[PDB]
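Student: this one's structure only:
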Ligand SMILES: CN1CCN(C(=O)c2ccc(O)cc2)CC1
């Protein structure tokens, strides 16, 4: 297991997300679905000229999997996935510059729900999760697990878990007071409100 420090700006972003009073926490799901959609667009685009890119799975979709026993909400997509280098580089984001732009926007009146416009929407996971684990498989690499409970560091390891084929799985270990996001009607409400026009099937698993 390798342990890495977050860049200062990202640690700052995470601390802001964790400590700022902000009631509209539900936007985390919109942001994660949007990231999944972006990843799905990318593998679709690459497949247009190289069809073999879909040998690792032709179906392009998103699954939402609540688990009340483990207190986890998992978002799974069959998008392009991430290489180890992507994971280490802030999960394939320009998070340093994005965090800067987001901050400048906040000071200028904007609110936390606008986070996705700055390319750092992933970190909104920390509105509801005490720990986030990301399992990912890119065609050009092995399967990796990234994990962070914030506090300035993340880990990366080769994943010997269930093979994914291709894509990214975000496992949210929910805060004790955020278990509403495990309820079917709540998840349905949020997907209908914020993600009604996503261009891939979203399947909400039941328990
Ligand atoms: C373009 N695309 C590349 C890979 N990505 C992911 O695999 C991914 C999927 C879902 C997330 O929540 C975060 C990252 C992010 C953006």
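Tutor: That came through, no problem. Numbering: from 1, shown residues only.
Student: run through the strands of this structure in chain order.
Tutor: Along the chain, the segments classed as strands by DSSP state E run 2-5, 62-67, 72-77, 129-137, 143-148, 153-158, 167-174, 202-204.
Student: so which of the ones you listed is nearest the ligand?
Tutor: Of all the strands of the chain, strand 167-174 sits nearest to the ligand, with 3.6 Å by C-beta to the nearest ligand atom. All C-beta atoms are positioned from the backbone trio N, CA, C, and that covers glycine.
Student: wait, does that closest one contact the ligand?
Tutor: Yes: residues of strand 167-174 are located near the ligand by C-beta under 6 Å from any ligand atom, namely 168, 170.
Student: what angle separates that strand from strand 129-137?
Tutor: Strand 167-174 runs at 170 degrees relative to strand 129-137, counting by axes from the mean of the first three to the mean of the last three C-alpha atoms, to 10 degrees.
Student: name the residues that touch strand 167-174?
Tutor: The contact list for strand 167-174 (C-beta atoms under 8 Å, 6 or more residues apart in numbering) reads 28, 32, 36, 39, 57, 70-82, 122, 125, 128-137, 181-182.
Student: hmm, back to that, turn the strands of the chain into JSON lines, columns for mean neighbour count.
Tutor: JSON lines is the format used below for the strands of the chain (neighbours: other C-beta atoms under 10 Å):
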{"stretch": "strand 2-5", "mean neighbour count": "11"}
{"stretch": "strand 62-67", "mean neighbour count": "19"}
{"stretch": "strand 72-77", "mean neighbour count": "22"}
{"stretch": "strand 129-137", "mean neighbour count": "22"}
{"stretch": "strand 143-148", "mean neighbour count": "20"}
{"stretch": "strand 153-158", "mean neighbour count": "16"}
{"stretch": "strand 167-174", "mean neighbour count": "23"}
{"stretch": "strand 202-204", "mean neighbour count": "14"}
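Student: in a markdown table, list those strands along with distance to residue 24.
Tutor: Output for the strands of the chain, formatted as a markdown table (distance: least, C-beta to C-beta, whole Å):
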| stretch | distance to residue 24 |
| --- | --- |
| strand 2-5 | 30 |
| strand 62-67 | 19 |
| strand 72-77 | 17 |
| strand 129-137 | 16 |
| strand 143-148 | 23 |
| strand 153-158 | 26 |
| strand 167-174 | 17 |
| strand 202-204 | 21 |
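Student: re earlier: near the ligand, which of the contacts of strand 167-174 show up?
Tutor: Restricting the contacts of strand 167-174 to those within reach of the ligand (C-beta under 6 Å from any ligand atom) leaves 32, 36, 39, 77, 79-82, 122, 136.
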